[PDB]
Structures are given as structure tokens and as C-alpha cells.
Ligand SMILES: [Zn+2]
Ligand SMILES: [Zn+2]
């Protein structure tokens, strides 16, 4: 018997960052992750990571660097579960 099911609305927080929940003021710009594709501040989406080893490998993007959110950058860096 193993438990691990979330029973919450199918929607996710909005209007603010999905990491530090820091509203995007006139100064802050709502950025967009490259991996997960979620909204983040200018402090969470400040992580550079390769796309070649993100999900789809191609002879085009090899030495490229994309911006991702900490939450992801951390998951991508270390290995473990099936990227999804
Ligand atoms: Zn943030
Ligand atoms: Zn992300």
C-alpha cells in the first residue's frame, strides 16, 4: 500500500511567481520558463541550462543555453525520475 495522490483543484496559482510567490510589479517582468513553461520572477527564471538534454535531442541545438526556473534548473541538474 503506497499513498501519493493530490486532491486539489486542477488549476495552479497565478498573478504571481510560481516559486517565491512574488507579484510582478511595474519593475518585475513576468518571465516564462523554457522547460516547464510556467511563470516566474526575474530571480527564479535566472538559471541557464542546455536544451539538448532537456527532452528532445537534435543535431541543431547542441551548445545552446536556455533560461529556466530554479524549481526546474534543480531537477534538470540532478538526475532521478523520468523527466516529465
Ligand atoms: Zn520567483
Ligand atoms: Zn520551470
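Residue numbers (the deposited numbering): 1 to 84. For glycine and all other residues, C-beta sits at the position ideal for the given N, C-alpha and C.
Thinking just about the alpha-carbon of each residue, which of the options is nearest to the one in residue i?
i, options, result
"residue 52", "65, 2 and 74", "65"
"residue 37", "1, 54 and 22", "54"
"residue 49", "75, 60, 25 and 12", "75"
"residue 33", "83, 71 and 79", "71"
Verify whether the separation of the beta carbon atoms of residue i and residue j is less than 8 Å.
i, j, result
"residue 18", "residue 42", "no"
"residue 68", "residue 47", "yes"
"residue 22", "residue 13", "no"
"residue 31", "residue 45", "yes"
Classify residue i as buried or exposed, calling it buried when 16 or more other Cβ atoms lie within 10 Å of its own Cβ.
i, result
"residue 8", "exposed"
- What residues come near ligand 2, if near means a beta carbon less than 6 Å from any of its heavy atoms? 33, 35, 36, 38, 68, 69, 71 and 72
- Item | Heavy atoms of ligand 1 versus C-beta positions, residues under 6 Å | 17, 19, 20, 22, 40, 41, 43 and 44
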